[PDB]
Amino acid sequence: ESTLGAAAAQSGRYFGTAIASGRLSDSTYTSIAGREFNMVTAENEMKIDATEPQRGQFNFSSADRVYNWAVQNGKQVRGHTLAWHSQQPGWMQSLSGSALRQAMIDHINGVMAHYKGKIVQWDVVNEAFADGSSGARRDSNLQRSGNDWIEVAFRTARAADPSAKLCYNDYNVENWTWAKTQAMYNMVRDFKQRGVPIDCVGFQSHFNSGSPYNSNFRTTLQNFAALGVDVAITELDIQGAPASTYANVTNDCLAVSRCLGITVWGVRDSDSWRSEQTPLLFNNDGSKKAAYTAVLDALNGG
Ligand SMILES: O[C@@H]1[C@@H](O)[C@H](O[C@@H]2CCNC[C@H]2O)OC[C@H]1O
């Protein structure tokens with residue numbers, strides 16, 4: 001096949017991108033993204049602050065611009081994200097304890113109701129683990145509300161939209177030997193033992209010199225799949241966009257039956273949150289980089 005999404009679809013997978021609503025007037029952006037991807041994540045518009053800028057007062061305008069663009073262009077949508085320490089609106093940042101817990105639940109219920117039946121995967125909880133050697137939970141208002149915040153978010157989501165696949169998403173959890181990875185593994189294992197409703201694990205896959213790709217990513221993906229969850233590569237970007245690493249990651253997904261697909265975190269290098277690291281598949285002018293060709297060839301089986 002001639003495009004990433006179509007090539008992925010031949011093996012039953014998707015190839016997605018992050019979409020920014022403010023860029024939906026950019027003809028190069030929309031035409032390349034339209035052609036190449038069959039899955040969309042809103043880069044910012046489905047986050048807590050965007051969707052609930054005042055408590056109880058939802059604003060889906062920008063989110064729906066992304067959603068509607070996706071489905072008008074034949075893509076499915078991953079919802080990102082319902083419960084996270086970052087990009088909280090001010091009103092939620094000030095809450096703690098039981099009041100925060102109620103607001104977290106209310107936010108999940110309101111957003112999922114708006115999209116009920118329409119979104120195939122939700123990143124219900126994002127980035128709950130600390131970096132480094134401890135495997136501890138990240139300090140946040142949510143974590144301070146109790147260790148059960150994650151499980152409660154998942155149980156809330158399962159009740160709100162039983163059709164959605166519920167994902168836990170994080171970064172620096174790709175290398176099988178890292179403490180953070182093992183913390184996430186043991187959480188998912190615990191959730192499956194205690195009946196907590198988790199369907200998928202998202203590996204953000206932000207690879208760079210401080211958190212480099214390792215061939216053991218395939219092992220990580222296999223081992224999580226064996227716990228009885230799907231796995232997905234959710235926010236892939238790679239410092240310098242080396243073709244070799246991009247091919248390795250693609251082949252790791254293709255090797256694991258329950259790897260649903262790959263999303264890259266943007267279209268052109270200049271669209272990237274980390275543009276200075278030139279970490280994506282298209283040049284600033286929209287042309288294909290060497291890494292594009294390596295991914296397409298891997299998806300096509302040679
Ligand atoms: O525009 C930027 C987004 O790309 C960025 O997205 C996060 C990358 C790290 N993982 C979670 C994602 O939501 O969020 C910051 C924003 O400024």
Side-chain angles (χ1 to χ4, degrees), residues 16-26 29 33 37 39-53 62-63 65-67 69-70 77-90 92-93 104 107-108 111 115 119 121-131 137-138 140 142-143 150 153 166-175 178 180-181 183-184 200-213 217 231-239 241 249 261-282 284:
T17 191
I19 293 290
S21 59
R23 230 148 302 147
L24 291 178
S25 49
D26 177 330
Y29 183 80
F37 301 106
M39 182 68 75
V40 166
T41 308
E43 192 178 11
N44 289 292
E45 297 74 6
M46 290 184 189
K47 293 170 177 177
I48 304 164
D49 58 354
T51 57
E52 197 181 359
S62 74
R65 283 179 245 125
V66 177
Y67 173 85
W69 183 90
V77 176
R78 303 188 77 266
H80 178 81
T81 176
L82 300 170
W84 187 26
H85 68 281
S86 193
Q87 290 174 272
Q88 289 183 13
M92 182 179 279
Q93 294 175 28
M104 182 195 77
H107 181 75
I108 292 165
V111 173
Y115 291 110
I119 285 189
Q121 291 173 50
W122 272 105
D123 290 335
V124 178
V125 176
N126 196 41
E127 298 177 11
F129 290 100
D131 294 310
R137 295 277 182 81
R138 178 187 297 274
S140 66
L142 289 162
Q143 174 60 29
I150 303 180
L166 307 182
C167 306
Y168 178 77
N169 191 56
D170 213 334
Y171 67 92
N172 283 349
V173 289
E174 300 82 12
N175 184 324
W178 280 26
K180 197 185 188 182
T181 308
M184 185 176 77
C200 39
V201 175
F203 297 86
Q204 289 182 18
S205 305
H206 293 296
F207 294 121
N208 57 40
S209 63
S211 296
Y213 172 80
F217 188 31
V231 298
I233 292 165
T234 56
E235 309 181 7
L236 178 62
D237 49 32
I238 309 182
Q239 181 176 21
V249 172
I262 295 163
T263 294
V264 289
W265 205 242
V267 183
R268 301 162 293 193
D269 282 336
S270 53
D271 297 310
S272 177
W273 69 317
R274 291 182 174 174
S275 57
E276 66 293 343
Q277 300 180 38
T278 65
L280 291 173
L281 300 178
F282 296 91
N284 298 148

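When a ligand or atom number is given, it counts from 1 through the structure's own listing order. As a basis for the values below, the full set of heavy atoms in this structure was taken, side chains included, without hydrogen atoms, waters or symmetry mates. Positions are given from 1 along the sequence.
Between the side chains of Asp131 and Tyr171, at least one donor-acceptor pair of N or O atoms lies under 3.5 Å. Side-chain polar atoms of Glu127 and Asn169 form no donor-acceptor pair below 3.5 angstrom. Looking at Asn172 and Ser211, their side chains do bring a donor and an acceptor atom within 3.5 Å of each other.
The two atoms that bring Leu280 and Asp269 nearest to each other are N-OD1, 2.8 Å, heavy atoms only. Considering every non-hydrogen atom in both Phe129 and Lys180, the closest pair reads O-CE, 3.4 Å. Listed here is the closest heavy atom pair of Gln204 and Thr234: CA-OG1, 3.3 Å.
From the protein, the heavy atom lying nearest to atom 17 (O) of ligand 1 is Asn44 OD1, 4.4 Å. The protein non-hydrogen atom at the shortest distance from atom 3 (C) of ligand 1 is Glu43 OE2, 3.6 Å. Ranking protein heavy atoms by distance to atom 15 (C) of ligand 1, first place goes to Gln87 OE1, 3.4 Å. In this structure, atom 5 (C) of ligand 1 lies nearest to the protein heavy atom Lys47 NZ, 3.6 Å.
Atoms of ligand 1 found under 4.0 Å from any heavy atom of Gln204 (numbered from 1 in listed order, with element): 9 (C), 10 (N).
Once rounded to the nearest 0.5 Å, the distance linking CE of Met92 with CD1 of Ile48 reads 4.5 Å.
Annotation: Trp273 places no N or O atom under 3.5 Å from an N or O atom of ligand 1; distance criterion only. At under 3.5 Å, not a single nitrogen or oxygen of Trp84, backbone or side chain, sits near a nitrogen or oxygen of ligand 1. Of the N or O atoms in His80, one or more lie within a sub-3.5 Å distance of an N or O in ligand 1.
Nearest-heavy-atom check against atom 8 (C) of ligand 1 across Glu235, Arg274, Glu127 picks out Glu235.
Heavy-atom separations between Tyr171 and ligand 1 are all 4.0 Å or longer.
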